[PDB]
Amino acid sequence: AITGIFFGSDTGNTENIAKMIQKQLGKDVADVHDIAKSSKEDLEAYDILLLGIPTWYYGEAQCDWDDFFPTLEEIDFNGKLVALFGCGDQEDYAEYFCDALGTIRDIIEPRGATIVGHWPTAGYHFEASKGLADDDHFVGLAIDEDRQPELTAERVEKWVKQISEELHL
């Protein structure tokens, strides 16, 4: 219950990643939530937060998330450790590949969120992305279940390892 996984999902992908993630961390470690059925209180509740957001319709944010953003910007993230994950399509929307991860970064970083979990952009092949920490790493875990589902298992296995460390446990 140290970690609170909050996801948005429209066709189920991010919802599954969240669940693989919690499996890997374990239950007494983290609880998963559908941001759509979540509240401010529900988010402020945890100290370590994992936020999952898939990018929709040309750089936009999954609507459950889009609509929660205002509440999101009311939360003081100062004193909190966050990580970010999401889903994207690097071949049909290569020019907005996981931009949503970037939008949720901007809408939380100034708020004092201590972000963790940058992921190497090695192995992906998008044309552009607004969710990059540096131009060799996304700001979070980018999962492409549409084009690279075969790499989804390992990406999560390794990324969760990576965050477990950065967070310490």
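Note that residue numbering follows the sequence shown and begins at 1.
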*Averaging C-alpha B-factors over each stretch, which comes out higher, 127-135 or 109-117?*
109-117
*Check the entry's C-alpha temperature factors for 32-40 and 58-66, then say which stretch has the higher mean.*
32-40
*Which one of 45, 50, 100, 141 shows the biggest C-alpha B-factor in the PDB entry?*
45
*Relative C-alpha B-factor of residue 161, binned into the chain's lowest, middle or highest third*: middle
*Which third of the chain does residue 78 land in by C-alpha B-factor: lowest, middle or highest?*
highest
*Lowest, middle or highest third: where is residue 24 by C-alpha B factor in its chain?*
highest
*asked:* Considering every modelled residue of the chain and its Cα B-factor in the PDB entry, is residue 9 in the lowest, middle or highest third?
replied: highest
_Splitting the chain's C-alpha B-factors into thirds, which one does residue 154 fall into?_
highest
